[PDB]
Number of protein chains: 2
Amino acid sequence: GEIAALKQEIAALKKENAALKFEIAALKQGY
Amino acid sequence: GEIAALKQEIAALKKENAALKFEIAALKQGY
């Protein structure tokens, strides 16, 4: 399913944008 | 077009993951 694969990709990207965003905040708290 | 809108969304997310990633590197260089 093309739509399903495309949603999966978006899922993954959201997960990454969460993770890298958590990295930011953690650096600002640390530094 | 559902596929087109979905690709657009992925485009946007990639753009964000780039931006927040640039923020990271820039903080590590700074700090």
# chains A, B, ... in the order shown; residues from 1 in each chain; ligands from 1
$ closest_atom_pairs --of "chain B" --to "stretch 12-20 of chain A" --cutoff "12 Å" --atoms "only C-alpha atoms" --output "Markdown table"
| residue | atom | partner | partner_atom | distance |
| --- | --- | --- | --- | --- |
| B:9 | CA | A:13 | CA | 10.0 |
| B:10 | CA | A:13 | CA | 7.7 |
| B:11 | CA | A:13 | CA | 10.2 |
| B:12 | CA | A:13 | CA | 9.9 |
| B:13 | CA | A:13 | CA | 6.3 |
| B:14 | CA | A:13 | CA | 7.3 |
| B:15 | CA | A:17 | CA | 10.3 |
| B:16 | CA | A:17 | CA | 7.3 |
| B:17 | CA | A:17 | CA | 5.8 |
| B:18 | CA | A:17 | CA | 9.5 |
| B:19 | CA | A:17 | CA | 9.9 |
| B:20 | CA | A:20 | CA | 6.7 |
| B:21 | CA | A:20 | CA | 6.9 |
| B:22 | CA | A:20 | CA | 10.3 |
| B:23 | CA | A:20 | CA | 9.5 |
| B:24 | CA | A:20 | CA | 7.9 |
| B:25 | CA | A:20 | CA | 11.0 |
$ calpha_fit_and_write --fixed "chain A" --moving "chain B" --output "JSON list (two decimals) with N, CA, C and O atoms, in the first residue's frame"
[["chain", "number", "residue", "atom", "x", "y", "z"],
["B", 1, "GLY", "N", 0.83, -1.23, 0.00],
["B", 1, "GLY", "CA", 0.00, 0.00, 0.00],
["B", 1, "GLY", "C", 0.85, 1.26, 0.00],
["B", 1, "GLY", "O", 1.54, 1.55, 0.98],
["B", 2, "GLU", "N", 0.81, 2.03, -1.10],
["B", 2, "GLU", "CA", 1.59, 3.28, -1.23],
["B", 2, "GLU", "C", 1.32, 4.28, -0.11],
["B", 2, "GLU", "O", 2.24, 4.76, 0.54],
["B", 3, "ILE", "N", 0.05, 4.57, 0.13],
["B", 3, "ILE", "CA", -0.37, 5.46, 1.23],
["B", 3, "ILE", "C", 0.20, 4.96, 2.57],
["B", 3, "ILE", "O", 0.73, 5.75, 3.35],
["B", 4, "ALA", "N", 0.09, 3.66, 2.84],
["B", 4, "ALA", "CA", 0.58, 3.08, 4.10],
["B", 4, "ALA", "C", 2.09, 3.26, 4.28],
["B", 4, "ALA", "O", 2.56, 3.64, 5.35],
["B", 5, "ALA", "N", 2.85, 2.97, 3.22],
["B", 5, "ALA", "CA", 4.30, 3.16, 3.25],
["B", 5, "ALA", "C", 4.65, 4.64, 3.47],
["B", 5, "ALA", "O", 5.58, 4.96, 4.21],
["B", 6, "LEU", "N", 3.90, 5.52, 2.82],
["B", 6, "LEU", "CA", 4.15, 6.95, 2.92],
["B", 6, "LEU", "C", 3.88, 7.45, 4.35],
["B", 6, "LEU", "O", 4.68, 8.18, 4.90],
["B", 7, "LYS", "N", 2.75, 7.03, 4.94],
["B", 7, "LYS", "CA", 2.46, 7.28, 6.37],
["B", 7, "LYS", "C", 3.56, 6.73, 7.30],
["B", 7, "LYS", "O", 4.02, 7.43, 8.21],
["B", 8, "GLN", "N", 3.99, 5.51, 7.05],
["B", 8, "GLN", "CA", 5.12, 4.94, 7.78],
["B", 8, "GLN", "C", 6.32, 5.87, 7.72],
["B", 8, "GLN", "O", 6.99, 6.10, 8.74],
["B", 9, "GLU", "N", 6.62, 6.39, 6.54],
["B", 9, "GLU", "CA", 7.78, 7.25, 6.41],
["B", 9, "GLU", "C", 7.60, 8.50, 7.26],
["B", 9, "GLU", "O", 8.54, 8.94, 7.90],
["B", 10, "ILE", "N", 6.39, 9.05, 7.27],
["B", 10, "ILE", "CA", 6.08, 10.23, 8.07],
["B", 10, "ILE", "C", 6.17, 9.93, 9.56],
["B", 10, "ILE", "O", 6.68, 10.75, 10.33],
["B", 11, "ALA", "N", 5.66, 8.77, 9.95],
["B", 11, "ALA", "CA", 5.83, 8.29, 11.31],
["B", 11, "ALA", "C", 7.29, 8.36, 11.72],
["B", 11, "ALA", "O", 7.62, 8.98, 12.73],
["B", 12, "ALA", "N", 8.15, 7.72, 10.94],
["B", 12, "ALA", "CA", 9.60, 7.70, 11.21],
["B", 12, "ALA", "C", 10.21, 9.10, 11.35],
["B", 12, "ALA", "O", 11.02, 9.34, 12.24],
["B", 13, "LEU", "N", 9.82, 10.02, 10.47],
["B", 13, "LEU", "CA", 10.36, 11.38, 10.45],
["B", 13, "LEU", "C", 9.94, 12.16, 11.69],
["B", 13, "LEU", "O", 10.69, 13.00, 12.18],
["B", 14, "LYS", "N", 8.72, 11.92, 12.16],
["B", 14, "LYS", "CA", 8.19, 12.54, 13.35],
["B", 14, "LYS", "C", 9.00, 12.09, 14.55],
["B", 14, "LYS", "O", 9.38, 12.90, 15.41],
["B", 15, "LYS", "N", 9.28, 10.79, 14.57],
["B", 15, "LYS", "CA", 10.08, 10.13, 15.60],
["B", 15, "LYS", "C", 11.48, 10.76, 15.66],
["B", 15, "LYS", "O", 12.00, 11.03, 16.72],
["B", 16, "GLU", "N", 12.06, 11.02, 14.49],
["B", 16, "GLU", "CA", 13.34, 11.69, 14.39],
["B", 16, "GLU", "C", 13.22, 13.15, 14.81],
["B", 16, "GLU", "O", 14.09, 13.64, 15.53],
["B", 17, "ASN", "N", 12.16, 13.84, 14.40],
["B", 17, "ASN", "CA", 12.13, 15.20, 14.80],
["B", 17, "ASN", "C", 11.95, 15.36, 16.30],
["B", 17, "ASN", "O", 12.67, 16.17, 16.85],
["B", 18, "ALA", "N", 11.17, 14.49, 16.94],
["B", 18, "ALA", "CA", 11.15, 14.33, 18.40],
["B", 18, "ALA", "C", 12.54, 14.13, 19.01],
["B", 18, "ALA", "O", 12.93, 14.86, 19.92],
["B", 19, "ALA", "N", 13.27, 13.14, 18.51],
["B", 19, "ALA", "CA", 14.55, 12.75, 19.10],
["B", 19, "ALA", "C", 15.56, 13.89, 19.03],
["B", 19, "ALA", "O", 16.14, 14.28, 20.06],
["B", 20, "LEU", "N", 15.75, 14.45, 17.84],
["B", 20, "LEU", "CA", 16.71, 15.54, 17.66],
["B", 20, "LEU", "C", 16.26, 16.77, 18.48],
["B", 20, "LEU", "O", 17.10, 17.48, 19.04],
["B", 21, "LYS", "N", 14.95, 16.99, 18.59],
["B", 21, "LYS", "CA", 14.43, 18.08, 19.46],
["B", 21, "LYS", "C", 14.73, 17.86, 20.94],
["B", 21, "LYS", "O", 14.96, 18.82, 21.70],
["B", 22, "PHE", "N", 14.69, 16.60, 21.37],
["B", 22, "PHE", "CA", 15.01, 16.25, 22.74],
["B", 22, "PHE", "C", 16.49, 16.49, 22.94],
["B", 22, "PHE", "O", 16.92, 16.89, 24.01],
["B", 23, "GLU", "N", 17.29, 16.24, 21.91],
["B", 23, "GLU", "CA", 18.72, 16.49, 22.00],
["B", 23, "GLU", "C", 19.02, 17.97, 22.24],
["B", 23, "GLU", "O", 19.92, 18.30, 23.02],
["B", 24, "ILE", "N", 18.28, 18.85, 21.56],
["B", 24, "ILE", "CA", 18.44, 20.30, 21.67],
["B", 24, "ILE", "C", 18.22, 20.79, 23.08],
["B", 24, "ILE", "O", 19.10, 21.40, 23.69],
["B", 25, "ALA", "N", 17.02, 20.52, 23.59],
["B", 25, "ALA", "CA", 16.63, 20.94, 24.92],
["B", 25, "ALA", "C", 17.65, 20.46, 25.94],
["B", 25, "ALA", "O", 18.04, 21.22, 26.83],
["B", 26, "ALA", "N", 18.10, 19.21, 25.79],
["B", 26, "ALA", "CA", 19.02, 18.59, 26.74],
["B", 26, "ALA", "C", 20.38, 19.30, 26.73],
["B", 26, "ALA", "O", 21.00, 19.47, 27.78],
["B", 27, "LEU", "N", 20.82, 19.72, 25.55],
["B", 27, "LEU", "CA", 22.05, 20.51, 25.39],
["B", 27, "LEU", "C", 21.92, 21.90, 26.04],
["B", 27, "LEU", "O", 22.81, 22.32, 26.75],
["B", 28, "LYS", "N", 20.79, 22.59, 25.82],
["B", 28, "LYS", "CA", 20.53, 23.90, 26.45],
["B", 28, "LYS", "C", 20.47, 23.82, 27.98],
["B", 28, "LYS", "O", 20.87, 24.75, 28.67],
["B", 29, "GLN", "N", 19.92, 22.72, 28.50],
["B", 29, "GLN", "CA", 19.89, 22.51, 29.94],
["B", 29, "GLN", "C", 21.30, 22.24, 30.43],
["B", 29, "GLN", "O", 21.70, 22.78, 31.45],
["B", 30, "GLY", "N", 22.07, 21.45, 29.68],
["B", 30, "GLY", "CA", 23.40, 21.08, 30.10],
["B", 30, "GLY", "C", 24.39, 22.23, 30.08],
["B", 30, "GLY", "O", 25.11, 22.49, 31.07],
["B", 31, "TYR", "N", 24.37, 22.93, 28.94],
["B", 31, "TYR", "CA", 25.37, 23.92, 28.54],
["B", 31, "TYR", "C", 25.03, 25.32, 29.04],
["B", 31, "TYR", "O", 25.41, 25.70, 30.14]]
$ decode --residues "chain A" --atoms "C-alpha atoms" --output "short mmCIF file (atom, residue, chain, number, x, y, z; two decimals), in the first residue's frame"
data_model
loop_
_atom_site.label_atom_id
_atom_site.label_comp_id
_atom_site.auth_asym_id
_atom_site.auth_seq_id
_atom_site.Cartn_x
_atom_site.Cartn_y
_atom_site.Cartn_z
CA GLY A 1 0.00 0.00 0.00
CA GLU A 2 1.59 3.28 -1.23
CA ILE A 3 -0.37 5.46 1.23
CA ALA A 4 0.58 3.08 4.10
CA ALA A 5 4.30 3.16 3.25
CA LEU A 6 4.15 6.95 2.92
CA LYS A 7 2.46 7.28 6.37
CA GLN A 8 5.12 4.94 7.78
CA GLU A 9 7.78 7.25 6.41
CA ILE A 10 6.08 10.23 8.07
CA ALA A 11 5.83 8.29 11.31
CA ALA A 12 9.60 7.70 11.21
CA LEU A 13 10.36 11.38 10.45
CA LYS A 14 8.19 12.54 13.35
CA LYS A 15 10.08 10.13 15.60
CA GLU A 16 13.34 11.69 14.39
CA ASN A 17 12.13 15.20 14.80
CA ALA A 18 11.15 14.33 18.40
CA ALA A 19 14.55 12.75 19.10
CA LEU A 20 16.71 15.54 17.66
CA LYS A 21 14.43 18.08 19.46
CA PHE A 22 15.01 16.25 22.74
CA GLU A 23 18.72 16.49 22.00
CA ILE A 24 18.44 20.30 21.67
CA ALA A 25 16.63 20.94 24.92
CA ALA A 26 19.02 18.59 26.74
CA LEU A 27 22.05 20.51 25.39
CA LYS A 28 20.53 23.90 26.45
CA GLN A 29 19.89 22.51 29.94
CA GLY A 30 23.40 21.08 30.10
CA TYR A 31 25.37 23.92 28.54
#
